[PDB]
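Single-letter residue listing:
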Number of protein chains: 2
Amino acid sequence: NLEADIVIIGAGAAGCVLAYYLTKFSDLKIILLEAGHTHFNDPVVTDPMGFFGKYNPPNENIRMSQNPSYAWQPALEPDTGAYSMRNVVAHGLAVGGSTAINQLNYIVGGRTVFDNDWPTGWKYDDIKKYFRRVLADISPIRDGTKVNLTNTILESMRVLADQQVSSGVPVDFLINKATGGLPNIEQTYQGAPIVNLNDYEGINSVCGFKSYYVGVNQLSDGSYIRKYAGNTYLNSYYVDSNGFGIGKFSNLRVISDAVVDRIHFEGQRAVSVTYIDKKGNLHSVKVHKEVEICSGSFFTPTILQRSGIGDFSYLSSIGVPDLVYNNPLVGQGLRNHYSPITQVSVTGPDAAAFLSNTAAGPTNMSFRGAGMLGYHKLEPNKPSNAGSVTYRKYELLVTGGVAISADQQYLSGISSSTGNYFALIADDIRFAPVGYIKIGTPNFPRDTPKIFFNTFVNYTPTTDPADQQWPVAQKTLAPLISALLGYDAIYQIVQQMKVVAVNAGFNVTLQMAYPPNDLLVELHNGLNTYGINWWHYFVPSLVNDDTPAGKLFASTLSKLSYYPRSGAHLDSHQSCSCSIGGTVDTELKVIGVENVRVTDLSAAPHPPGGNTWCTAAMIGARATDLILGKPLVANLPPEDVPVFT
Amino acid sequence: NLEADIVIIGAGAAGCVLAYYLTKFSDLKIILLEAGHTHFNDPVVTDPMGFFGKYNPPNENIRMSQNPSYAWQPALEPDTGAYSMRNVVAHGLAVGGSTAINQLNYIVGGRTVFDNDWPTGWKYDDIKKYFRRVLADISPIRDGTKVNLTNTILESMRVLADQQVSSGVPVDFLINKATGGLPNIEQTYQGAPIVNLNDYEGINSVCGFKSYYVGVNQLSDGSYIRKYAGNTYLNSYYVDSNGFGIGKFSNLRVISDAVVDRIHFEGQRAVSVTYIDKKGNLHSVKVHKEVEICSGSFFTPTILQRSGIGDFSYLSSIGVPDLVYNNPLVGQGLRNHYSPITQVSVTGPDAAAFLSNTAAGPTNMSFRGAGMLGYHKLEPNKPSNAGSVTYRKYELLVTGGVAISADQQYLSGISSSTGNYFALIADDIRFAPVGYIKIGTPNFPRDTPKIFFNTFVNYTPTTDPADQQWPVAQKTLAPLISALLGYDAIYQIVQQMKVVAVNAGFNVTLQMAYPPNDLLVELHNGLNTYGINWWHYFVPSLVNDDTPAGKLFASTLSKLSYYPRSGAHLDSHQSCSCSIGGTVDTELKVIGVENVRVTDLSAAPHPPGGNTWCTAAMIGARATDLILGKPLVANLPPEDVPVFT
Ligand SMILES: Cc1cc2nc3c(=O)[nH]c(=O)nc-3n(C[C@H](O)[C@H](O)[C@H](O)COP(=O)(O)OP(=O)(O)OC[C@H]3O[C@@H](n4cnc5c(N)ncnc54)[C@H](O)[C@@H]3O)c2cc1C
Ligand SMILES: Cc1cc2nc3c(=O)[nH]c(=O)nc-3n(C[C@H](O)[C@H](O)[C@H](O)COP(=O)(O)OP(=O)(O)OC[C@H]3O[C@@H](n4cnc5c(N)ncnc54)[C@H](O)[C@@H]3O)c2cc1C
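Residues numbered from 1 in each chain as written, not as in the entry; some residues may be left out. Chains lettered and ligands numbered in written order. Part of a larger assembly, values for the part shown. Heavy atoms only, no water.

- Method of determination for the deposited model, per the PDB record: cryo-EM, at 3.7 Å resolution.

Description of the overall build of chain A
At step 1: On a plain count of helices and strands, chain A comes out with 16 helices and 20 strands.
At step 2: Since a compact globule built from 645 residues should have a radius of gyration of about 26 Å, the 25 Å found for chain A is in line with a globular shape.
At step 3: With the C-alpha coordinates of chain A rotated into their principal frame, the extents come out at 75 × 65 × 55 Å.
At step 4: Going through the 645 residues of chain A one by one, you find that 56% of them count as buried.
At step 5: Taking all contacts inside chain A whose residues are at least 6 apart in sequence as the whole, residues at least 24 apart take part in 71%.
At step 6: Accessible surface computed for chain A: about 26000 Å², of which carbon and sulfur atoms make up 54%. (Helix = DSSP H or I, 4+ residues; strand = E, 2+ residues; numbered from the N terminus. Rg over C-alpha atoms; globule rule 2.2 N^0.38 Å. Buried < 20%, exposed > 50% of the residue type's maximum accessible area, 1.4 Å probe, protein only. Contact = heavy atoms within 4.5 Å. Areas by Shrake-Rupley, 256 points an atom, 1.4 Å probe, with all protein chains shown as cover.)

A short note on the site of ligand 1
Residue and element names in this part refer to chain A.
At step 1: Looking at ligand 1, there are 34 residues lining it, with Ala13, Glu34, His91, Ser98 and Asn105 nearest.
At step 2: At 3.3 Å, a side-chain N or O of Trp72 approaches an oxygen atom of ligand 1.
At step 3: Between ligand 1 and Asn611, the relevant distance is 3.1 Å, taken from an oxygen atom to a main-chain nitrogen or oxygen of the residue.
At step 4: In the complex, 95% of the free accessible area of ligand 1, which totals 1000 Å², lies under the protein chains.
At step 5: Taken together, the residues of the shell around ligand 1 break down into 18 nonpolar, 15 polar and one charged. (Near = heavy atom within 4 Å. Polar contact = N/O pair within 3.5 Å; in protein donor to acceptor, adjacent residues only side chain to side chain. Nonpolar A, V, L, I, M, F, W, Y, C, P; charged D, E, K, R; others polar.)

Some remarks on the side chain of B:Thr612
Residue and element names in this part refer to chain B.
At step 1: Residue position: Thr612 is located in the loop between β20 (596-598) and α16 (614-628).
At step 2: Taking the relative accessible area as the measure of exposure, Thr612 reaches 13% and is therefore buried.
At step 3: Excluding its chain neighbours within four sequence positions, the residues that come into contact with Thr612 are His337, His573, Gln574 and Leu601.

With respect to the packing of aromatic side chains
At step 1: The final tally for this structure, using the stated rule, is 59 aromatic pairs over all chains.
At step 2: Each ring, one from A:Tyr530 and one from A:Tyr537, has its centre 4.9 Å from the other, and the planes form 70°; the classification is edge-to-face.
At step 3: Classification of A:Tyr537 as buried rests on a relative accessible area of 9%.
At step 4: Taken together, the ring pairs in this structure connect A:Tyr20, A:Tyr21, A:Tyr233, A:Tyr237, A:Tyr238, A:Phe249 and B:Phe312 into an aromatic cluster.
At step 5: The residue whose ring lies beneath A:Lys128 is A:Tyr200, and the NZ or CZ to ring-centre distance is 5.3 Å. (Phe/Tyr/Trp six-rings, centres within 6.5 Å; stacked < 30°, edge-to-face > 60°. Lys NZ or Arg CZ within 6 Å of the ring centre and 35° of its normal.)

As for the side chain of B:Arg368
Residue and element names in this part refer to chain B.
At step 1: Looking at the secondary structure, you find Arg368 in the loop between α9 (351-354) and β14 (394-400).
At step 2: Lacking a salt bridge, the buried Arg368 has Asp143 as its closest oppositely charged neighbour, with an N-O distance of 4.7 Å.
At step 3: At a separation of 3.2 Å, a polar atom in the side chain of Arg368 contacts the main-chain carbonyl oxygen of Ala359.
At step 4: Setting aside residues no more than four positions away along its own chain, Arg368 makes contact with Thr150, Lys210, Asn357, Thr358, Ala359 and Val398. (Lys, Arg positive; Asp, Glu negative; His and termini not counted. Salt bridge = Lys/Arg side-chain N within 4 Å of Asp/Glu carboxyl O.)

Section: the UniProt feature "binding site: FAD 1" (unreviewed entry) in chain A
Residue and element names in this part refer to chain A.
At step 1: UniProt feature "binding site: FAD 1" (unreviewed entry): in the numbering of this structure it lies at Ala13, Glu34, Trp72, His91, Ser98, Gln103, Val260, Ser295, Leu601 and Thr612. Across 600 residues in sequence, these annotated residues place their C-alpha atoms as far as 27.4 Å from one another, rather than forming a single compact spot.
At step 2: Assignment of secondary structure puts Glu34 in the loop between β2 (30-33) and α2 (43-46).
At step 3: You can call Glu34 buried: its relative accessible area is 8%.
At step 4: Once residues lying within four places of it in the same chain are set aside, the contact partners of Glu34 are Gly10, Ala11, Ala94, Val95, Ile255, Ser256 and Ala258.
At step 5: Side-chain polar atoms of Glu34 contact the backbone nitrogen of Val95, separated by 3.1 Å.
At step 6: Mapped onto the fold, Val260 is located in strand β8 (residues 259-266).
At step 7: Apart from the residues lying within four places of it in its own chain, the contact partners of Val260 are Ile9, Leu33, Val273, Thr274, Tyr275, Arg306 and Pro445. (UniProt positions renumbered as here; feature names shortened; annotations may be inferred.)

Topic: the environment of A:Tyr487
Residue and element names in this part refer to chain A.
At step 1: Within the secondary structure, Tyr487 sits in helix α11 (residues 470-503).
At step 2: Through-space distance from the C-alpha of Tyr487 to that of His524 is 9.9 Å; in sequence the pair is 37 residues apart.
At step 3: Excluding its chain neighbours within four sequence positions, the residues that come into contact with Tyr487 are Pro340, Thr342, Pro515, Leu520, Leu560, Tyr563 and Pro564.

What follows is the structure, encoded as structure tokens:
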């Protein structure tokens, strides 16, 4: 018999925090049903370079995000906006969840997004303590080596932002209003004082800096290691090697390899939970007080439908045997970030000397900065607070080498064989597309549910007058407009790059190859000759302009639109699957029953401003507080860390 | 049952002093866990000549520093700076510790080193009483026989120091600023008043003298004996032949043959200690008040890691079962002295008459003086107080016969078969290299832990501009620069030797053979033609001088650098393994718990100016005071000695 009252389902980035601190300051019984094992000895997972295939045997050079021993492999339905191609994205399969197989970034999400996007009691001032706690527990590290590329970028940014402060435009992309009127770009000289983008009081929404924060820890020996949720919260110091708590944590049980099917359910008080061991046997943990769901964005709603709470007509049509509650918002409104790709060529006598120290390393991992921007001026879909508050919209990145897939490499002909390349990425942060998740089999936890996520749907003109069908075209074309404005943003930095590199004693030439520059200069001409109505030319049938200028600009837009659909990566940064206000209240509690609550990244009512690791950790901390009834994690001193072994 | 509250681990040079005086002025219970036996009857250890193999049977002529019946035999990891060769150095194994197998020298360490190198409460004025006490307890003896070699050396030194006083240079190597501006060189005639380098008020940092102080005592019969920590503090007069105290010392127990594994540990108050008898049985001494660690530089940190206090991640990775405190400075920062070697040849009608009375004896033991010097003028790594205070840097020595290993003897072809040789040694005293100690087996006291100690690492030029990579080359090349300047110092005395020997009615010729003189005269020419920037030519790739002069000088440096790596001895004078400020406070107390303190030579935050025997004795005396709470050893009259039997 396996009676319990604390029942966590999944040791993700939020499961570990919740379980660790809940067991630290409470003496209930805790079972953590995890379905993965602890890769404490696997050299590929500990060494960060193993992320880049140092240990793969020659036959099978793949990344852990694809390997089925490491990650769940859902396959999404075809994307009607990207030529009906189906993507595979990964939830982790290990203690610590996705953190075991991630890229280790720590962007906390600025003041603006939570203050004006999150409900009462979750404002930036109400949770920033939790964020301090988690960034303290990890204690990530930066790189401190010089690279002339980042300096070039940041001085070009200063050049351009000085024009932007003048001319009085209130929402241009290099503007910050917490710093008076000017974002604090990091200085450019030996040992300049650093800019920390994750500042405690969220001063910097827009800024420029020079390296990122990754979850490594330099060891005394000289080798760097992965530092993740399983590594910190649940290691040999607290949990027995068989899955039992140690001393102070004695009421803490970890069933490592256990997939939960559903939560058996009585009255409206869920009473029991079923799991399947590796040896094939069902068991049942009895539930006395509560159950916890921390099983990722994708699988959490599936757990809920199989449990019994969800849309009755659909679930009955597929044939789940038990119905509990009719909540037709279960698992709705998924979101994610997106990232197109852009290349540059270099042509000069000493360009090889201009790009040294750009190889990925154990501290940088193929990152060289290099900024974070806001809305472009000519963006039409901005919130009403754009004028008085600055928003985090574009997440600039930079890397050496080639990032485009080998097919695009064949098409453009630009290969890493000819060494003149580096990539700039504008990771959209406020991406619009919204999708939903269902199940197709009421049987067991699969590896692929129904996932619909359509991105770049083009507009179909109708016979309605243009005067009331522009404001549906706008909202349909939103992602295209945002991606194109990001293209403009990257395009209009490269010339300041040319200037500052020529003037810093470097004789090289910079010209974008993918996408080809000529398209972009034509776009710039069209933009600054057509004004805010530049986006009216996505649908040439509505403008009714036969002048060759507008015809050529619309043609340019048309041929350009191929590249965000083709040359991009889909971000793993899923979120927002069981949002507050949709299926749960501000207490994370599930609406319709009394003893089930969801406490993971699915509950976020809005996607945060960065790589969505820290937000889920925060949610775990806060949910610990909510179940506890009193704030202790908020009141713990910042400099107490869990032990590291 | 073996309950205790005073628990000393190891009867070293500091264990004996501590135990003896602690039991003299206190009435607690004292157990001294020693792991060795008392060589009171062994003729080889009592007779000082036995150090030089008078009693070895013909099959096994070895020295006690190698014999495993006498000394622990750690083997260091390969020295990357000396052609990856691994050294073996000895900690003693007997009551009295290393003193039983040592070379018997008494350099106390001058005013400068403790006053500006040791923390508050340990200044020279605050401890000099303890040093007086210990040098009084031993009462070493000198030689009083004439030898023309030492007179030659000292008059040459006078000659050169008179030039050095003029020319106004403030940090040249034959300068003393406590004696106005001139070191007090010992006179040269019959029965001249002696210069005692271990003066009570530390007037002489730099000086010249004519014989050393050794731990013998002339007996009434006519035979000299070893006089050491076990001999003085713990002999038949105070301790029973079974290991029990006598009368006044009745609360004093000596378990002679007992190796301590770890200190069993409760809460944060260590409670018990385990040892292994010769007959194979574990026992346990209960600890009521404190435990004492006096088990040498090497083994003390090992005791600490096996006990439980140390770096958690490393110790957990190797698998010690218990963790107590996370102090990642345990056993860091080892230091030691170093000693290259140099030969001279003599060619003249009466040279045999010039070197009589240089055979080692029971009072000299192969020493014939002969000085102690400070920084050379052109040394770049000097402390900021070099100008206003004189520092002890080079420990000159001299001996008859050949000192180079038989392989070097084959290579140079100079053997003691042709009788024209004596050696000059410049024992570096402020040597830079720093290493660290770990353990590899959490099982029992081994004979060899992980020891890393890299000395002569050469610089690897990079693509950084020279203007900011000279001050990393300097600090990397420091030991090379110091050794080379010592070579210059010895080289530029031999010509004054030629002069004073020719002018004192002796017709002989002096010329260095190993290293060959021609290298050294080329070095002198390069030094005085290149100035302080003579060391820029270690890395010829940075100077960018193609003039044959600089090319030849850099070549000379390159070929010379072979000899300090090859023809030298490693000093046994380990120190500084658990320094004050690193793992203990000014009370010697270990940081993290309440009842364990380290009181041996590992705690020294800086290496003293001489053969590191007297310093550990001082530390024992002071720690007696610290545990006592009142100064009595400081207040004992100087002329009370413990009884000698
Ligand atoms: C390729 C990749 C790159 C990434 N890059 C970054 C980056 O640059 N920066 C960054 O900050 N983050 C990065 N991440 C991490 C990611 O952005 C978040 O850290 C992730 O959303 C963590 O959320 P979570 O822990 O709540 O969800 P999850 O980690 O998905 O939690 C789900 C957990 O529950 C377990 N589970 C699922 N179903 C069951 C079941 N039925 N029974 C029992 N257990 C179950 C799973 O095994 C898993 O351990 C990356 C991730 C990936 C895969
Ligand atoms: C070859 C040689 C030449 C020397 N020459 C000179 C010289 O010219 N001048 C000079 O002044 N000094 C000389 N010395 C001595 C040396 O410089 C110092 O005297 C030495 O550092 C004394 O320090 P210590 O007594 O604190 O350490 P140690 O003597 O090393 O103390 C360690 C003691 O603890 C014991 N012990 C270790 N582990 C355990 C355990 N687990 N359980 C119980 N007991 C244990 C050991 O048996 C030993 O008795 C020489 C030494 C050697 C070996």
